[PDB]
Structures are given as structure tokens and as C-alpha cells.
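The data below hold one chain only, encoded as C-alpha cells and taken in the form deposited without ligand GAR.
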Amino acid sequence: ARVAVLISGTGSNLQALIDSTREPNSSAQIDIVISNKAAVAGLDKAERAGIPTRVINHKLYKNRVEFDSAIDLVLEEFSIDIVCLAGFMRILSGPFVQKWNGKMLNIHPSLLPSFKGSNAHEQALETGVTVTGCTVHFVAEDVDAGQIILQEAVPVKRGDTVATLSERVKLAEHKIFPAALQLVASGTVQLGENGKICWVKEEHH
């Protein structure tokens, strides 16, 4: 499967994803990284890795649909099969999300449905949970919404700060984002017609 990563900044987990695709039995290759913002660190990560990049500036388009159509055209040109969102900060239009239904993954630094929205590590600490985690899911129209592929529980430790909790969750993300991509890229996990996850036994051995 040919994979695009959409970013807006540092491309968190992008290196984890690249490294996983270089493993011997990978089902995925990262073929393009697209940012809506010029000269961000995630672009440099992609370029240093030899991966094509594009910048699509939302200010050059009249509205969200036209902007997202420009993203989709690049995806079409590069024959992309699967999109991963790695810190992408714009809300994708309904038409775009519908088109990519079941082929677009995002990650969130909580065990959804807990701690939706921004600042999930601070929300976990303020709430006083002892277990948090991260979640990889298919993207649906409501943000953080969409069917869950993988989750990993991560402990909150006595004394944690936002920084120490965030680095522990990030280590889990580095595990589950590539693992989820491989499941989807291999066809082991697909989104069924019923809109629920399907774990498929593949014909090819």
C-alpha cells in the first residue's frame, strides 16, 4: 500500500512510521508527506528521509472544500492508498472524509472516548486517572471520532508532569501508529460495509 502522511508541524510519529516501512515484511511505503504549512520540521524529516513532500497553503483557496480538493489531487497524482494524519491541524471537509473513509488513520494521546480534544495529557493529570494511553482510529467526520483500530494503555506515575506523561505516551504511540498502519496496509484490518472494524483472514499465504 502507498501511504501519504498529512502534517501541519513537527510530524510527530512520522519517523516511527518511516522506520516501520523499511522493515523487511512491511506492507506499506511512505510515498509523500503533505503539509499545510511551509518549512515545518516534519517536512525536513520527510526530505531527510528521501520522501517527496508538498505544501498546500489553505490561504490560496476560497474555502475548506477547495483546499481539501487540492490535497486530494496530490493524493490522486501519487496513487495513494492510505492516509495517516500526523499532527494535522485543519478540519477535513465532509466530502474529503467520506472519500477516504476506511483508509485514513489518526492517533490521539488518550484511551478514547476519554479526553477528547486538545491537551489530553493535562486533562489526564487534572482528572487524576492512574491509566491513560493512546488510540489509533479511522477518521470520521467528528474529530477523535471514527472506528478504533488499536489502543495501548499507559500508566500515570506518581509525580508525573505533562512532559513526563507525554513522553511515556509518545513511546506507546511510536509502537501503535506503525502497528495500526501495517494492519490496514496488509488488509488484515479493514472497515466493513457495516462501518465497524473487520479482522480479515487473507487468502494469500
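If you superpose the two forms and keep the largest set of C-alpha atoms that fall within 1.5 Å, you have the rigid core. Just count from 1 along the sequence shown to find any residue number.
For the pair 114 to 122 and 70 to 78, the record assigns the higher mean C-alpha temperature factor to 114 to 122. Checked against the record, the higher mean CA B factor of 136 to 144 and 175 to 183 lies with 136 to 144.
Each of 36, 151, 53, 164 has a CA temperature factor in the record; the biggest one is found at 164. The entry lists a Cα temperature factor for residue 191 that places it in the highest third of the chain's modelled residues. When the CA B factors of the chain's modelled residues are split into thirds, the value for residue 94 lands in the highest one. In the PDB entry, residue 25 places in the highest third of its chain by CA B-factor. Ranked by Cα temperature factor within the chain, residue 160 sits in the highest third according to the deposited record. Sorting the modelled residues of the chain by their CA temperature factor places residue 127 in the highest third.
The same protein also has a form deposited with ligand GAR bound, omitted here; what follows describes it.
Blocked site. Ligand GAR, superposed from its pose in the deposited bound form, has 3 or more atoms within 2.4 Å of backbone or C-beta atoms of the chain shown. Using a 4.5 angstroms threshold between heavy atoms, residue 100 stays clear of ligand GAR in the deposited bound form. Ligand GAR in the deposited bound form comes within 4.5 Å of no heavy atom belonging to residue 79.
Although the partner is absent from this view, residue 75 stays clear of ligand GAR in the deposited bound form, with no non-hydrogen atom inside 4.5 angstroms. Mapping the unseen interface onto this chain, residue 168 falls outside it, with no heavy atom inside 4.5 Å of ligand GAR in the deposited bound form. Contacts between stretch 82 to 96 and ligand GAR, counted in the deposited bound form as any heavy atom lying within 4.5 Å, involve 86, 87, 88, 89, listed in sequence order. With a cut-off of 2 Å and the rigid core superposed, residue 153 has a Cα displacement that falls short of the cut-off between the shown form and the other one. Once the cores line up, the CA of residue 171 ends up less than 2 angstroms apart between the shown form and the other one.
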